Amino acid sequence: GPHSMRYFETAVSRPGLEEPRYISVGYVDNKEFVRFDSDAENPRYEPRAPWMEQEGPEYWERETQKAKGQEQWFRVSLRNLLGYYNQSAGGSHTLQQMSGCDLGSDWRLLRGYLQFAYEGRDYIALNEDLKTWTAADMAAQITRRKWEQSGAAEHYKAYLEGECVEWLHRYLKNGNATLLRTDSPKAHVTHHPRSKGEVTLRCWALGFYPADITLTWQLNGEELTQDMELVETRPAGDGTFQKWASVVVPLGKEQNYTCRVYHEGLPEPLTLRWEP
């Protein structure tokens, strides 16, 4: 029973637009719970799960001012980065940030996170020690030296060990019914004839949460990389997820094939096969 919190932040500059659009999204255990967007009429952080309406107006006023601060920080940084990469006016650019904490099932901090990307690529990141920085790009070295000289790492470390953990604990108590549960996958196999003397067996899994899942096919023993087709896990749109995996099989010898579904809601892996 581990836990996590993240804020995913994005600022996008576009050619003629006056100034960048800034979006921040907060997540508790990988579920969205707050959101700010500078394109709204009255830009404010907003609840995105029912359990967050417990928070009084001082919570929302403070987080909103923080967001407006972040917006200005991303605006100046975008400007600085344009100069660092000798990019000219008239293009589109992106600055992103992930930050947050992971807790063990004892609710102790497992790991802190602080990373940035520019144009969708690693720019700079705080290492797991919460003291040193990784920056690959020559242009990013300028930021690394600046942040090393100002003691930025100490500032982010205090947030990640302090507030991030403290307020995550408070959120986990407040939403203890909503995001404790999981939905087990319900699975079935469909049959689909094809090119003479062969058929595809499609193993479906439906209605599961969270998204993490594995579907394997077995020829009475070993797995199958031998053209096992599959799809990426996809949202149903109602909070659950879907996935399938398939394998080409001789017609008649289809009961030598078994599909297994591995999901954290299951008491044990499901085993399954085609049934007329």
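Rigid core: the largest C-alpha set superposing within 1.5 Å between the two forms. Residue numbers run from 1 along the displayed sequence.
Averaged over structures and residues, the CA distance from the shown form in 4 other deposited structures of this protein after a core fit is larger for 194-202, of the two stretches 194-202 and 95-103. In 4 other deposited structures of this protein, superposed on the rigid core, the segment with the larger root-mean-square CA displacement between 221-229 and 205-213 is 221-229. Relative to one another, 33-41 and 212-220 have unequal mean CA B-factors, and 212-220 is the one with the higher figure.
Relative to its counterpart among 74-82 and 201-209, 201-209 has the higher mean temperature factor, C-alpha atoms as listed in the PDB entry.
Of the candidates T240, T64, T233, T225, the PDB record gives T225 the highest C-alpha temperature factor. When the Cα B-factors of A140, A187, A89, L160 are read from the PDB record, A187 comes out highest.
Per-chain ranking of the deposited C-alpha B factor places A135 in the lowest third. In this PDB entry, the Cα temperature factor of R144 sits in the bottom third of its chain's modelled residues, the lowest group. When the modelled residues of the chain are ordered by C-alpha B-factor, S105 sits in the middle third. Sort the modelled residues of the chain by CA B factor and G112 lands in the middle third. Annotation for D183: C-alpha temperature factor in the highest third relative to the rest of the modelled chain, per the entry.
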